[PDB]
Structures are given as C-alpha cells and as structure tokens.
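Take a look at this one chain, the form solved without the partner chain, written out in structure tokens.
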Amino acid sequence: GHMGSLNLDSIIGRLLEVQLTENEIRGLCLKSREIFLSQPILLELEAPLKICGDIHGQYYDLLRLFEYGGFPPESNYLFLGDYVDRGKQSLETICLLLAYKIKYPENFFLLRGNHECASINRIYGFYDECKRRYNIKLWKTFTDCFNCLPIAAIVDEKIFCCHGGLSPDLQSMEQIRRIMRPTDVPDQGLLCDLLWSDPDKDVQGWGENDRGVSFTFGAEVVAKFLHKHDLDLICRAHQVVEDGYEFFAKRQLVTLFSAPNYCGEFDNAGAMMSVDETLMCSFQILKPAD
C-alpha cells in the first residue's frame, strides 16, 4: 500500500487508445510480481484457452490478436513468452499484458520467454527503451518482475507448454516445480533448455544448438516425452514460422509465433491456437495486408 493504488481501468483504457507515470509502471511490475509468486511455477490450466507465441514489442499486432481472439475476459489466454525486445513498443506490450494479468489473475497467464531475462533484453532493445523513455531503475524493476514468471504450463494434463522446448535434464515435472524464484535464466540446465531449445527434423536424439546455448531435439525425443508423461501435445514458441503455427513430428509438437512480418526481416503470419473445452484445437492466423 506504500505506493498507493493504480486505476487499472484508466491504464488499460489509455493503452488501448494507441503515457503512464513511472510509478504506474512500477506498480504494474510489483503487483503482477506478487501474483506470479502466489501461483505455481508450473501452471496447471484448464481449457477453453487461447495460446499465443512471441510478440517482441509489436504492440499493434498484440492489439490485433486481442481483437480477433476476444479481449479479456471474453477469452482465457496463455502467452508463451518473448514480450519484449526488437519491436518498437515493448513497454506498451508488457504493460498491457501485466494489467490484464492483475485484473484477471485466474484467466490470463504469461510464461517466461528467453527474452524475459536481463542477460538478453539488456542487449536486444528493452534496456535501451526503458532508459530512453524512463530510467534504468525501471528496467531493474522489470527484471525483478520477469525473474518471477512461471516457466511452463500443462493444459488439462495433456498439453505441455513452454517457450523453447524439452531438456535432457527433464525427467520429472517435480524438477520444474522445485525451481525457486526469483531467478535469472542461466546459460545451461533445465531452466535454460525450457526457454531456449528447438526441435530439429535432422537431429537424432539431442544435438548442440547453434544459438550457442542449450540443445536441439529430434522427433523420437518428443514421442518418448509424451509417452512417459501421458501427454498428447507439446506447444512451444520461440522460432518464427511462415504460417504463424507449424507442426513437428506428426503433430505431436506445434510451434506458435504471434508477431507477423517479424521484426521486418520475415513475411510470416502470426497465429494463436484456440483450445476448446474438449481439447479440440484450431488456429487463428493473422496476416497483415500489403
């Protein structure tokens, strides 16, 4: 109560008209941080749900995503990370997402991407944006909030969701639950892999990832993971795909990426996956016109 109260409807209304004070954004970080810490690091969710991939500060595309998927609380949402960096409006993006998290804490969920770590967003845009528009102290407050984000989700005991992918260290879900917060993302280990690894159609088993961190994993790794944990699908993000979604290993894994025409280097669509109450899945594809 030491910073006073936010007027969250005012903040949301101003964000959708696309001008927050430093204390407003700080309040968004601190209150959402408390909510993240009150919920498990491995979320256990129920459908119906809309699942979204990377945003990377493309705020107008986020607004399009809500327009076509339904603004909260009309739909429930799970985002898979990478809200900031590269795009021009990381601040508006993460502020709107944190506002919805504060207002709908049981119907709106944000996972950690590899860019929700100071070691990464120091370099790829967010630090510079905070410093230009506000100050470094605000960026550090964001870091404190990011360090408490959940790292994976299981929807109805059948869909395993994370930003990056599998880990040769992941033997039990309890290993995920035992990760203590706040934490940064180290450059090796379970947490790293969940935020950084990729599927690869050419690899047999595990390979070294070209990013210089983590791993690649092949189709039999996916099949054995689903088998061992009695799951049906892995849903992850992290890699741009041409249609906004892309299947791997006979639809046992899907990659979602929600930023169209990604950072001006690609001509991709963005997509979100709609999961109804029976776990029937379909995709909504966002294509900007030329």
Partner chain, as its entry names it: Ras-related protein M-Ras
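Positions refer to the first chain, counted from 1.
Omitted from view is the form deposited with the partner chain bound, to which the following refers.
- For the chain shown alone, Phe79 is not a contact residue for the partner chain in the entry with it bound, no non-hydrogen atom being within 4.5 angstroms.
- The partner chain is not drawn, but in the entry with it bound it has a heavy atom within 4.5 Å of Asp187.
- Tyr83 falls outside the set of residues with a heavy atom inside 4.5 Å of the partner chain in the entry with it bound.
- Proximity of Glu220 to the partner chain in the entry with it bound: non-hydrogen atoms within 4.5 Å are absent; the residue sits far from the partner.
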